[PDB]
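Here's the structure, in structure tokens; my notes come after.
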Amino acid sequence: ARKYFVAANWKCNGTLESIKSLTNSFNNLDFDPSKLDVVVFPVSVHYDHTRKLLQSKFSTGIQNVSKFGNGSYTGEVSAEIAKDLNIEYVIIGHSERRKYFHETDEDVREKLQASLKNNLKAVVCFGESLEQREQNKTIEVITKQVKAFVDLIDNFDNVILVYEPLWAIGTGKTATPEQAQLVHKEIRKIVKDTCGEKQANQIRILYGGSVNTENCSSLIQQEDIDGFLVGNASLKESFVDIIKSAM
Amino acid sequence: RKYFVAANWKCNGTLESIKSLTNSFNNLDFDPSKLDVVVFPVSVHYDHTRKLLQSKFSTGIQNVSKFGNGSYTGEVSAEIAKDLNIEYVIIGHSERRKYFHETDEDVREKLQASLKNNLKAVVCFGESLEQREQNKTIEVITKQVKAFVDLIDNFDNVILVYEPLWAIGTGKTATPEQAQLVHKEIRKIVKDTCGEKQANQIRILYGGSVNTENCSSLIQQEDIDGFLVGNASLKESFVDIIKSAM
């Protein structure tokens, strides 16, 4: 069976005091890290602070990793550097980086190759916009997005996929647990037909839309949804209840 | 003017190499009131580097977000840097202009955010080989500087860096005399836009290839007030470069 994966994407948020208060509440929740992956993604400069405050049961990672190795690349964090610091996870291809920072499908591929070459576990994001879904091209876009990097996957416990319904984020539309499941089933079929049936049943596929304390249990209930990449709700203390649904 | 020597470690370093490198840096005795020395480690190394370096050394980060706090995955805001007492930020580095789509407007917005949050900024600019061969050095630098220069309210807190991109990775050399004439022109740009006393106050650093041999010939020039050092800042011999500014 697939080990459930609950991830906190703090994005560009937090202070030293707020993280101190939030990580304390997180630590009050008791769980087994061998049956459940719970990962926190703070700002890079908050990593050391966050890793020191969170108990060993919690996994940690960074929100981006360089497509370049060590060298003359100002502002970059290489996969080499991350591994030396024992950073376990990286987020690759988040919609906000594709939208605001020119991150292409090829950047996503180069980042994944760098991460897996350096023994990093990768959380890889993808999803279609509103205009793409209205043109009935949901599967076509996601297939193009997944096939950009899927051949690089050597271990299917170490690569975690995240579907982002960009058609239901900021647009004013809602994505039901059923509508997410239908895409998740397609993603697993894409993995199956390109990598194998056993590999597709190994790989975790998360829902990376608006997840809160109310809908998390109805989302995790679906057969092909193995967890979430949580945004705004992971900045609140009630994030422990979202972890409770996958327990 | 107070001299300013900066170590841009770029995308380099391990935990062990940094503790070895910082220890050798700690060996050098200088007065931080007479000379600014700033180390810019990778973001995930910042806390490690700050703990190991003695308080005489200033520290900073190699990039800062144009956005404030919010839904911007992978970004470090100026607000977050201020809360961590990160003193300095690098803005407009050629490598981020080249590989990461960073434009003059991004630089402006980054300087806007940094100054609002009481951060000190090391702002980079410079022309390509094509631009120099077309004799457009002054035109390009005027536009690059005028993109942000009006935002400076404190001329000790904003530091300019000239990167001669025509000399980096091409096979052509930049002389201290060539660097001086550009630095003089940059100061003339600041004078026309901000004032005479302000241009006399602002530090302008050479951001090309600096090592233990050329540093003293560069810093002796009247309009070059220090360096942004790349590769040579990764060696223990970086102390000799700091010594040339002493």
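The analysis underlying the following values was restricted to heavy atoms, covering all of them including side chains, and did not include hydrogens, waters or symmetry mates. Letters A, B, ... mirror the listed sequences (proteins, then strands); counts begin at 1.
- Exactly one of A:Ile62, A:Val123, A:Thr50, A:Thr60 qualifies for a side-chain contact (heavy atoms from CB on, under 4.5 Å) with A:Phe41. That residue is A:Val123.
- Note that A:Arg97 lies in the cation-pi zone of A:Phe101, set by a 6.0 Å cut-off to the ring centre and a 45° limit from the axis.
- Between atom CZ of residue A:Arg204 and atom CZ of residue A:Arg188 there is a gap of 10.5 Å, rounded to the nearest 0.5 Å.
- To the nearest 0.5 angstrom, A:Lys111 atom NZ is 11.5 Å from A:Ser78 atom OG.
- The salt bridge (charged side-chain N to carboxylate O under 4.0 Å, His left out) analysis of residues 238-247 of chain A, with sequence neighbours excluded, yields the pairs A:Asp241-A:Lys244.
- Salt bridge B:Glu102/B:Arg97: absent, no basic N to carboxylate O contact under 4.0 Å.
- Side chains of A:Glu186 and A:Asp224 form no contact here, defined as non-hydrogen atoms less than 4.5 Å apart.
- Here the CD atom belonging to A:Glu80 is positioned 9.5 Å from the OG atom belonging to A:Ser115, to the nearest 0.5 angstrom.
- B:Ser94 meets the side-chain hydrogen bond (donor to acceptor under 3.5 Å, both in side chains) test with B:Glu163; sequence neighbours excluded.
- A:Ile220 contributes atom CD1, which lies 11.5 Å from atom CG of A:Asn215 (distance to the nearest 0.5 angstrom).
- A donor and an acceptor atom, one from each side chain of B:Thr14 and B:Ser17, are located under 3.5 Å apart.
- Remark: the backbone N or O of B:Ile80 is not paired with any side-chain donor or acceptor of B:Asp83 at under 3.5 angstrom.
- Every residue two or more places apart in sequence or in another chain was checked for a side-chain hydrogen bond (donor to acceptor under 3.5 Å, both in side chains) with B:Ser233, and none qualifies.
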